[PDB]
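Naming: A, B, ... by sequence-line order, numbering from 1 per chain. Keep in mind that the numbers below use all heavy atoms, side chains included, and drop hydrogens, waters and symmetry copies.
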Number of protein chains: 2
Amino acid sequence: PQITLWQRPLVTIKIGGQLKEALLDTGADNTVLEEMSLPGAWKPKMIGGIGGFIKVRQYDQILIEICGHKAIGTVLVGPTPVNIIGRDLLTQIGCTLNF
Amino acid sequence: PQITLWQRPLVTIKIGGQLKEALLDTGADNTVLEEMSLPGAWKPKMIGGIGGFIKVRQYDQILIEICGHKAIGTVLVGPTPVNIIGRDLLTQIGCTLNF
Ligand SMILES: Cc1c(O)cccc1C(=O)N[C@@H](CSc1ccccc1)[C@H](O)CN1C[C@H]2CCCC[C@H]2C[C@H]1C(=O)NC(C)(C)C
């Protein structure tokens, strides 16, 4: 699967039994999801982007299906306006930039 | 040129006669550079990411060299902590996500 970038690279993901749309984001170090509940313990965390910072809950060893590829990683949950798939998970699905 | 994502995808750019490092960012709609001066008119603009918004100056029809590929696009200039190459320019150099 090749994905061109003329439109936002939004893919379907499955996480915590739920189906969501998320943006494949090579500029994000971490994967950040809009508010939802997940299993295990979590830790308070802060992540900065353009403009400022948000408070997030960090969950470890979470199973995620990304465009029908399975990966297990750390997911952050918090007041992001878009679900973000960052490099931590992009590497796990063998995602590369090519030109 | 393929670029894997184990590290931040930082490339060399040349813009306004200057050499800079920038992040190939499929999660950004627009290209945003740290403070610098550029030719022609500019228009005030506000852009949001995670955490909040920043005020930027928008410059049109700017020549940029990205990984040694020439592109002419709109460049935003403002208080970003990282130079960001967004989809507007990524499409111009024929950049795709592959897995
Ligand atoms: C630069 C830009 C535009 O021109 C237009 C729309 C969005 C953005 C934008 O900032 N996008 C971001 C995703 S967060 C996001 C928010 C809203 C919509 C889509 C993505 C970047 O791809 C990632 N972005 C790149 C970079 C931006 C400058 C600050 C340091 C990083 C922070 C990082 C980021 O925010 N990462 C999180 C882990 C906090 C998610």
Side-chain angles (χ1 to χ4, degrees), chain A residues 1-11 13 21-34 45-56 65-71 73 76-99, chain B residues 1-11 13 21-34 45-56 65-71 73 76-99:
Chain A
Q2 188 167 259
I3 299 164
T4 53
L5 299 162
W6 295 94
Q7 322 263 300
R8 281 190 191 199
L10 294 161
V11 298
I13 63 162
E21 298 254 16
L23 184 74
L24 300 180
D25 188 352
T26 56
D29 296 343
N30 308 106
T31 292
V32 194
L33 271 21
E34 308 179 57
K45 217 206 183 180
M46 307 229 81
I47 56 182
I50 260 182
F53 64 86
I54 61 165
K55 309 178 180 185
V56 292
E65 192 175 324
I66 303 166
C67 198
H69 296 237
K70 293 178 205 295
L76 271 22
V77 310
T80 176
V82 180
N83 296 319
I84 295 304
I85 306 311
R87 300 186 291 101
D88 57 349
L89 271 43
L90 296 177
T91 56
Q92 298 181 46
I93 58 158
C95 188
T96 67
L97 292 158
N98 311 262
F99 50 88
Chain B
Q2 175 166 99
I3 298 168
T4 59
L5 295 164
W6 295 96
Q7 305 165 318
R8 278 188 193 197
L10 293 155
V11 302
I13 68 168
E21 296 259 19
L23 188 69
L24 297 186
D25 188 350
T26 59
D29 298 339
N30 318 275
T31 291
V32 195
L33 307 186
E34 313 182 48
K45 226 255 191 199
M46 273 186 257
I47 62 188
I50 264 187
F53 72 85
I54 58 166
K55 201 96 70 199
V56 297
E65 197 174 315
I66 304 167
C67 259
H69 286 72
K70 288 161 207 269
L76 275 28
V77 177
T80 178
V82 179
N83 296 317
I84 296 306
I85 307 312
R87 299 185 292 100
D88 57 351
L89 275 43
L90 295 177
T91 59
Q92 296 308 113
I93 66 164
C95 179
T96 61
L97 292 162
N98 299 62
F99 49 89

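Heavy-atom distances place the side chain of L90(A), and not its backbone, under 4.5 Å from chain B. For a residue to count as touching a neighbouring chain, one of its non-hydrogen atoms must lie under 4.5 Å from one of that chain's; by this rule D29(A) touches chain B with the side chain only.
A pairwise comparison of heavy atoms in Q7(A) and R87(B) identifies C-NH1, 3.5 Å as the closest pair. Of all heavy-atom pairs spanning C95(A) and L97(B), the tightest one is SG-CD2, 3.6 Å. Contact between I50(A) and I47(B) at its shortest, heavy atoms only, is CG2-O, 4.1 Å. When all heavy atoms are compared, the tightest approach of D25(B) to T26(A) is CA-OG1, 3.5 Å.
Looking at heavy atoms from C-beta onward, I3(A) lies in side-chain contact with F99(B) at the 4.5 angstrom threshold.
Atom CD of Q92(A) sits about 12.0 Å away from atom CG of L5(B), to the nearest 0.5 Å.
With chain A as the partner, the residue from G94(B), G78(B), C67(B) showing the most heavy-atom pairs under 4.5 Å is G94(B).
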